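Chemist: below: the sequence, then the experimentally determined structure.
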Amino acid sequence: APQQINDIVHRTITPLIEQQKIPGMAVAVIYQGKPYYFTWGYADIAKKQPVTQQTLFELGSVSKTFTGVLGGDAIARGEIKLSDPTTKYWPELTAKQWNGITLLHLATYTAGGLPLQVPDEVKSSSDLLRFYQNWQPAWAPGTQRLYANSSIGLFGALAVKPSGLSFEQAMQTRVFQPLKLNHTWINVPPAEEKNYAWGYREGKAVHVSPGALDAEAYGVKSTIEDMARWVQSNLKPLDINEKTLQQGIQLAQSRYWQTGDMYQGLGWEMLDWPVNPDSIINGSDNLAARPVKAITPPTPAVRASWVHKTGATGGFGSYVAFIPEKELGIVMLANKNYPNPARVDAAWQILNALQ
Ligand SMILES: O=C(O)c1sccc1S(=O)(=O)Nc1ccc(Cl)cc1
């Protein structure tokens, strides 16, 4: 527990929790490949349960990094190809607007305007089919990026079809188990309920509600220890023994499209390191439609990158960022959804000091 790490973390996070009124928080800093943990406050205010290294937090969109990597693993296994048309894995999707929309477009939010959220009205398989069949794109595929759960959520669901495994089974067997993420879940089991923190929205305790493609877009819950391990795995994929998983991690950090100074990966988003903090901080502020330049062909994962992902739910706020070249990373999990810029700012202050 180097004093430098202790000091920068505490000096940065304490003020943050005070200003944002965060009930509880966990932070992990990966320095030279090793993890250091920090916790504050409560996982359950009413029951006075403190946040610990075993507390589970809802990751929200950070879940998309798991989906991107699982998809990458499927490509490495030769089960799917990002160049495959969406209809190859969903024959029922016969509507003409789908011609030319590939799994790559789904995975990177470039299908042409798929909506941010799948309608809360969608509550069945036929309902989901109708939703996608009736969706009218605003742009041709591969021209504009519009962040969307309905886009990467569908990618995740189709990517696992060849395996015959459910999305949860595939995630558990192909990603969580190999990486020893034994306290990371799509559905929190009863055995872990005691560790599942409550999220707080306007002072009320809340957990994420069920929704279509929730598993694929925002369904993961994890501990600060497992997320530290997730960061280490993504920082140094060559240390991973499962060949297709190592390759899937590499594919998820490849640069497929560029918008401004950001590059879109599978789930992960990247910028060249060194980065202009104002670029990532103001850049993380909440989702617009932005034209994209295709990187043809995609650039394999660049070590000198600031790789990150912000995530939230009604009652949680999370952020992950790492720099492969420096063997440095950070994970910030909180049970209150606070402004993205504040998370990025604190994360940059910490990593910049340690770099
Ligand atoms: O996680 C995020 O940051 C964002 S941003 C826009 C959508 C998302 S998400 O769908 O993945 N996460 C999310 C956020 C709020 C609620 Cl109530 C439920 C899920």
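Modeler: Happy to help now that I have it. Numbering: from 1, shown residues only.

Chemist: which residues touch the residue most central in space within the chain?
Modeler: Centroid-nearest residue in the chain: residue 62, 2.3 Å away (criterion: Cα atoms, centre = their mean). Contacts for residue 62 (Cβ atoms under 8 Å, 6 or more residues apart in numbering) come out as 220, 227, 309-311, 318-320. Every residue, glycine included, has its C-beta placed from N, CA and C.

Chemist: filter the residues you listed down to the ones in strands?
Modeler: Of those, the ones assigned to strands by DSSP state E are 309-311, 318-320.

Chemist: near the ligand, list only the ones from those.
Modeler: 310-311 (Cβ under 6 Å from any ligand atom).

Chemist: most neighbours, which of the ones in strands among the contacts of residue 62?
Modeler: residue 318 (28 neighbours; other Cβ atoms under 10 Å).

Chemist: contacts only, for the closest residue to it other than its chain neighbours.
Modeler: Computed as Cβ to Cβ, 6 or more residues apart in numbering, the closest residue to residue 318 that is not its neighbour in sequence is residue 311, at 4.5 Å. Contacts for residue 311 (Cβ under 8 Å, 6+ apart) come out as 59-64, 218, 317-320.

Chemist: and residue 163, by the same measure?
Modeler: 74, 77, 79, 170.

Chemist: by neighbours, which of these wins?
Modeler: Result: residue 74 is most packed of the contacts of residue 163 (other Cβ under 10 Å), 25 neighbours.

Chemist: shouldn't that residue be within a helix?
Modeler: Yes - assessed by DSSP: H, G, I helix; E, B strand; the rest coil, residue 74 belongs to a helix.

Chemist: so it makes contact with residue 158?
Modeler: No - the criterion here is Cβ atoms under 8 Å, and residue 74 misses it with residue 158 at 9.5 Å.

Chemist: out of the contacts of residue 62, who's nearest residue 110?
Modeler: If you rank the contacts of residue 62 by distance to residue 110 using Cβ to Cβ, residue 309 comes first, at 17.4 Å.

Chemist: thought residue 320 was touching the closest one, still the case?
Modeler: Yes - counting by Cβ under 8 Å, residue 320 is a contact partner of residue 309 at 5.4 Å.

Chemist: count the residues that sit near residue 261.
Modeler: Using other Cβ under 10 Å: residue 261 sits among 14 other residues.

Chemist: circling back to that earlier point, which two from the contacts of residue 311 end up farthest apart in space?
Modeler: 64 and 317 (15.4 Å).

Chemist: after the helix or strand that residue 263 is a member of, heading C-terminal, what element do we hit next?
Modeler: Element membership for residue 263 (DSSP states H and E) is strand 262-264. Once strand 262-264 ends, the next helix or strand along the chain (criterion: DSSP H and E) is strand 269-272.

Chemist: that next one near the ligand at all?
Modeler: No - using Cβ under 6 Å from any ligand atom, we find that strand 269-272 stays clear of the ligand, coming within 11.9 Å at best.
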